[PDB]
Every structure is written in structure tokens, then in C-alpha cells.
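>>> before I ask anything, here's the sequence and the deposited coordinates:
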Amino acid sequence: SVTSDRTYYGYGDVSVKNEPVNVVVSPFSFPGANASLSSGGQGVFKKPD
Amino acid sequence: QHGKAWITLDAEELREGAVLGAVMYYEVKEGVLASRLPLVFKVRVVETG
Ligand SMILES: [Ca+2]
């Protein structure tokens, strides 16, 4: 009578949500406060973070 | 294919009761699903003495 269609199934799901990286920024204001930059001046400025 | 048998019995065998068991070798066709299938055998006494 019944000629079974021999076909069973298995399934799965994958969730890719985020991007690998977050670039958190703290911008710099290099002449800063309690220091001074002059025209034609020479030197170095550094922000560690 | 070959559907006819000719089992004959002698006087020594009939003296103790002839029991005819059955052994069946089978393989159900691929996927077929059935319930209560009949197989009917015709028993004919052709000759006796
Ligand atoms: Ca006879």
C-alpha cells in the first residue's frame, strides 16, 4: 500500500550579530590647557589614551 | 517464480503423523508498508493408494 518517500530532515541555525571591533575614541585638543602653542613653534604632543 | 511443489509421502512417514512446518526467507521491497497480507496455498491430493 504505502510506498514511503524515504526522506527525513535535520536543520540548524547560526546567529551572526556583531561586528568584530569597537573603535572608542577620545579626541585630542593638543594645545590643551595649562600649556601653549605658538606660531612657528616646534615640539611634541602626546595623548596616551 | 517457481510456485508448484510435489511433496509425496511414504508408509513409514504416515505411520507417525506428517507435520509440515514452514521456513520463509524474505526481503520486503524498498519502503513498502502493509498490514495483514495473505498468502494462500492450494493443497491437492493427486494420487493415493
Ligand atoms: Ca489410487
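On my side now, so go ahead. Numbers count the residues shown, from 1 in each chain, chains lettered A, B, ... in the order given.
>>> so the most centrally placed residue in chain A: helix, strand or coil?
For chain A, the residue nearest the mean C-alpha position is residue A:22 (2.2 Å; Cα atoms, centre = their mean). Secondary structure, DSSP: H, G, I helix; E, B strand; the rest coil: residue A:22 is coil.
>>> state the distance from it to chain B.
56 Å (Cβ to the nearest Cβ, to the nearest Å). C-beta here means a position set from N, CA and C on the backbone, and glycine is covered the same way.
>>> how close does that residue get to residue A:28?
The gap separating residue A:22 from residue A:28 is 19 Å, by Cβ to Cβ, to the nearest Å.
>>> can you pull the contacts of the closest residue to residue A:28 other than its chain neighbours?
Of all residues not flanking residue A:28 in the chain, residue A:47 sits nearest, at 4.5 Å (Cβ to Cβ, 6 or more residues apart in numbering or on different chains). Shown in contact with residue A:47 (Cβ atoms under 8 Å, 6 or more residues apart in numbering or on different chains): A:26, A:28, A:30.
>>> equivalent analysis for residue A:21, please.
Counting by Cβ under 8 Å, 6+ apart, residue A:21 has no contacts.
>>> which parts of the chain are helices?
No chain was given, so I picked chain A. With DSSP state H as the criterion, chain A has no helices.
>>> meant chain B, my bad for not saying
Using DSSP H, helices in chain B cover B:11-14.
>>> near chain A, which residues of it?
Neighbours of chain A within chain B, by Cβ under 8 Å from any Cβ of the partner chain: B:30-35.
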